[PDB]
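> Need a 3D model of the sequence below.
(chains A, B, C, D and E, ligands or ions: 1)
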Amino acid sequence: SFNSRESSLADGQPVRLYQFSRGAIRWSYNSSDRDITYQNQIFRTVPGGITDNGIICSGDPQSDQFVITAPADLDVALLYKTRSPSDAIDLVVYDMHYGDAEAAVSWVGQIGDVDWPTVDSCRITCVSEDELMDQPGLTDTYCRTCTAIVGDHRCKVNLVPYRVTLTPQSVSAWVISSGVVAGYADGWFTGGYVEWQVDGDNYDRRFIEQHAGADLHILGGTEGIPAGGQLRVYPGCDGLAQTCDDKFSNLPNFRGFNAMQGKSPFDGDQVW
Amino acid sequence: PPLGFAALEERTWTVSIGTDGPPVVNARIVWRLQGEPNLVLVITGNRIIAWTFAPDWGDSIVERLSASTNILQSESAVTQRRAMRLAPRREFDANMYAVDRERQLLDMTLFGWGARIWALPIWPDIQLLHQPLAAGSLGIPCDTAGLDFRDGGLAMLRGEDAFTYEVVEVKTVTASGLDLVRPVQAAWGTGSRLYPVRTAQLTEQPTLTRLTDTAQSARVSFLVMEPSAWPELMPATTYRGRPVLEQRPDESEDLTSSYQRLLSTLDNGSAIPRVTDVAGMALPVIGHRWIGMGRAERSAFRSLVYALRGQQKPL
Amino acid sequence: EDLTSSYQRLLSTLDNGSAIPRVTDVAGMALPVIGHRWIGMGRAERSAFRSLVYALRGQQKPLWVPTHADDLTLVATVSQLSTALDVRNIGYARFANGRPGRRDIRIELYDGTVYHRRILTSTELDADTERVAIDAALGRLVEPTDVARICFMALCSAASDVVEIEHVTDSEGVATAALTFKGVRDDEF
Amino acid sequence: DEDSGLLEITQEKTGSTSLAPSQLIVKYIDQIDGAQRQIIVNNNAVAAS
Amino acid sequence: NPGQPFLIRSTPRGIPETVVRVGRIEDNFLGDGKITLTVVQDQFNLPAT
Ligand SMILES: [Fe+3]
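Numbering: from 1, shown residues only, chains lettered A, B, ... in the order given. The protein structure is shown below:
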């Protein structure tokens, strides 16, 4: 009846539904003045209303953004206030008419940017998957180092055995200290990242600038790190062939070119 | 708080909830004891102040029902309608006075509460009790025919003065009384006013005009932030599967008619214009007026207005 | 000419969509607006008014603008050393409990002597009477029968810079003008 | 259609015919040798005008 | 959707049934209710000879 209602000249009762999902956690909002139950999901009513600006599909990712307006107290947007969540918040938009149990999917995407122009409002800019095609695609260089992030699909190195679970001893503005890591050689954890559970099955990740003794340096500060929460810390690969094989014994998968050639052409001037 | 509990002893405290405090009740009381996980008693709710000023009835009170319906028509005289708001926003306009002990109270309330939710009684729905209400009684037997009473709503008894009042929660409507969940703590005899209560907010702060040392007339306007459910009924007569308006309009004020047309594209230059009929069809415009002189007619008109949903539903 | 008052607020960001609006108090403070009119009937009064207008410099220079209402009325005599003024319960404690605006008092005794006081905190005592406090002393024992009005004071400044001085007869004659004052947070805070 | 879901059509863009090219040169690379090659496409009707 | 061809007819404008291909899309489901489309005449075809 959704299509029939759209074609109807007197039963038009538009209502737009938004679904923000991050793994196992979902946030449901509706633009009407009362909650709507759809597919066993109830959508909350935001005091003040939630509205968008329209959907544009012109083939230009930079121009085809989707804008959401909502109060500054919106739960899903509140997360971005202090620090952007590590994972992207997928957004799905449905369209349905009051009194009908059928809805149609209109827009699908993820959060691109969030800002709070006024205390009584917040503007969210949503981007589609098409915008991820503007970055280069070379991803190849003939250099000495590995040119591969430890654990990627190219290194084929399993980090689960190297996982270390610990409770930090003391947390400071920029340094998190723990005695368990003090037993490892300096720089063992350099290049690794720290992941811990925020809510449900979602974890927030932070990279490590440097590891020295019992003190760990966290890039961008330690804000948001629970002082007593359980933390998982993985090591980091420098990328050198000696580092790759002595520590991880992954030399066969070494993607770097240590000593094949640095400059030698076959159309130079004098070989000697 | 530190006080031992005797064995097989139940100590029932008296949780007294006051009337002064922050608007949003976000309380987390923790009952912490040794060798037992924290058992936090969470109290949640909101604090509101009721509007207890009687506006004089010399000038008619205007009730406004507004809804949103953006309609776009093509070159031909065809319209598609997209009624937006299902529950129309209700606005009330009235004038009031304050002379003895009400002027200062009004000034203090306006300065303090300001732009915050009220509990506006429905003045047009005034009602007088037929029998005295005993203190502590559960249920108020009163007429509920064509009144703005809804299950789980609010009611507000009133007396001669502003102070004499009390708000109760109505559970359901039995067509003869108002089921209540909390007993009334004070008895008012015949003559006390009964008012339906709906949440309202001051759309614009009234401009107070001083009449004398202690006297101020105000033009208060209120908007209700709750849906106003009401049955939607069309006229009994039907023609070609559509309603027919059989009501005869009042002729007290002379009314005219016009033939609105999509007669744009006049294309006036400098020599002579030329108008082209895009559709060549005339849609007449008609005005209507009526007089209620009764509760039933007013209820029927309200149901008709709700059924119309603005311009969406034709007839 | 009858005059009224209003409570202007920075109540923007109403944020009305389609379902329901929601208004948020950015500051939660009310600044009253008061109108004023006067008659000269003399050269000295007109010169004084012109000097006052020049001193105001528009909205720049503020000055207290007492009202002339009768909001508070005594119900029990107060000793000179007592600071527990008793007034009829008008919901003051629930609404006014110490904050900028509506926390100043002018006794304005019958004889003509006026005492300026400063409210400190109001406590509810009964459904009909209260025990609002003051800053320091009263000056003497005053019975309820010896009070005219209270006329809450409030710091205010002009709301419109333009001032119209309507000359009627002559410099030594009658004149009319209108002034409007609006509350403003000033005086070191 | 106007009665079938069309509201208003504003732009017409009649265009022009006296302009536009009469000869088109297409340059392509042959993968057998990798040497630049080109072909010529002609519009006799437009060319005459 | 982009690239989808469809027919348009408008007798008052003197435009007979014409086949056009969708271009830029800008729709407004909530608020104004305006769905505006930019279309071009269907003249795309790749000959096999
Ligand atoms: Fe590696």
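
> Every contact and neighbour count from this point should use C-alpha atoms.
OK.

> For the residue lying closest to residue C:108 once chain neighbours are set aside, list the residues it contacts.
Of all residues beyond its chain neighbours, the one nearest residue C:108 is residue C:114 (4.2 Å), with distances taken as C-alpha to C-alpha, 6 or more residues apart in numbering or on different chains. Contact criterion C-alpha atoms under 8 Å, 6 or more residues apart in numbering or on different chains gives C:106, C:107, C:108 as the residues in contact with residue C:114.

> mind redoing it with 10 Å?
Contacts were defined as C-alpha atoms under 10 Å, 6 or more residues apart in numbering or on different chains; by that measure residue C:114 touches C:105, C:106, C:107, C:108, C:150.

> in the longest helix along chain A, what's buried?
Selection of the longest helix in chain A by residue count, based on DSSP state H, yields helix A:241-248. Counting neighbours by 16 or more other C-alpha atoms under 10 Å in any protein chain shown, one finds that the buried residues in helix A:241-248 are A:241, A:244.

> same for that helix, what does it pack against?
Packing contacts for helix A:241-248, counted by 3 or more C-alpha pairs under 10 Å, 6 or more residues apart in numbering or on different chains; DSSP states H and E, involve no helix or strand.

> Quick check: residues of chain D near chain B?
Residues of chain D lying close to chain B (C-alpha under 10 Å from any C-alpha of the partner chain) are D:1, D:2, D:3, D:4, D:5, D:6, D:7, D:8, D:9.

> Next one: residue B:105 relative to chain D, how far apart?
Residue B:105 sits at a distance of 57 Å from chain D (criterion: C-alpha to the nearest C-alpha, to the nearest Å).

> Looks to me like that residue is in a helix.
Yes - read with DSSP: H, G, I helix; E, B strand; the rest coil, residue B:105 is one of the residues of a helix.

> Who are the contact partners of residue 43?
Let's take chain A. The contact partners of residue A:43, by C-alpha under 10 Å, 6+ apart, come to A:17-19, A:27-32, A:34-37.

> meant chain D, my bad for not saying
Taking C-alpha under 10 Å, 6+ apart as the definition of contact, the neighbours of residue D:43 are D:21, D:22, D:23, D:24.

> now swap in residue A:131 and tell me
Residues in contact with residue A:131, defined by C-alpha under 10 Å, 6+ apart, are A:59, A:60, A:61, A:62, A:63, A:64, A:65, A:112.

> So residue A:188 is in contact with residue A:233, correct?
No - between residue A:188 and residue A:233 there is no contact under C-alpha atoms under 10 Å: 11.2 Å.

> Touching both of these two, which residues are there?
Overlap between the neighbourhoods of residue A:188 and residue A:233 consists of residue A:181, taking contacts as C-alpha under 10 Å, 6+ apart.

> follow-up on the earlier one: type out the PyMOL command that picks the buried ones from the residues of chain D next to chain B.
To isolate the buried members of those in PyMOL, using 16+ other C-alpha under 10 Å:
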select buried, chain D and resi 2+6+7
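
> what about residue B:71, how many neighbours?
Per other C-alpha atoms under 10 Å in any protein chain shown, the neighbour tally for residue B:71 reads 16.

> What separation do you get for it and residue B:314?
13 Å (C-alpha to C-alpha, to the nearest Å).

> Return the residues of chain C in contact with chain A.
Counting by C-alpha under 10 Å from any C-alpha, chain C sits next to chain A at C:12-26.

> restrict those residues to contacts with chain E.
Cross-checking the residues of chain C next to chain A against chain E (C-alpha under 10 Å from any C-alpha) gives C:17, C:18 as the overlapping residues.

> Let me see the ranges of the helices in the stretch 201-315 of chain B.
In the stretch 201-315 of chain B, the segments counted as helices under DSSP state H, counting those that start in this stretch are B:295-308.

> same thing with the stretch 1-150 of chain A?
Taking DSSP H, counting those that start in this stretch as the criterion, the stretch 1-150 of chain A carries its helices at A:2-7, A:75-78.

> and the spatially closest residue to residue B:28 that is not a sequence neighbour, what does it touch?
For residue B:28, ignoring the flanking residues on the chain, the nearest one in space by C-alpha to C-alpha, 6+ apart is residue B:42 at 4.5 Å. Residues counted as contacts of residue B:42 (C-alpha under 10 Å, 6+ apart) are B:25, B:26, B:27, B:28, B:29, B:30.

> in stretch B:133-145, what counts as buried?
Neighbour-count burial for stretch B:133-145 [16+ other C-alpha under 10 Å]: B:133, B:139, B:140, B:141, B:142, B:143, B:144.

> circling back: now find how far off-centre the helix or strand the residue nearest to residue B:28 falls within is within its chain.
Take DSSP states H and E as the rule and residue B:42 turns out to sit in strand B:39-46. Per C-alpha atoms, centre = their mean, to the nearest Å, the displacement of strand B:39-46 from the mean C-alpha position of its chain is 29 Å.

> near chain E, which residues of the stretch 101-250 of chain A?
Counting by C-alpha under 10 Å from any C-alpha, the residues of the stretch 101-250 of chain A near chain E are residue A:106.

> for the residue in the stretch 101-250 of chain A positioned nearest to chain C, what are its contacts?
For the stretch 101-250 of chain A, the residue closest to chain C is residue A:120, as judged by C-alpha to the nearest C-alpha, at 5.3 Å. Contacts for residue A:120 (C-alpha under 10 Å, 6+ apart) come out as A:48, A:70-73, C:12-15, C:22-26.
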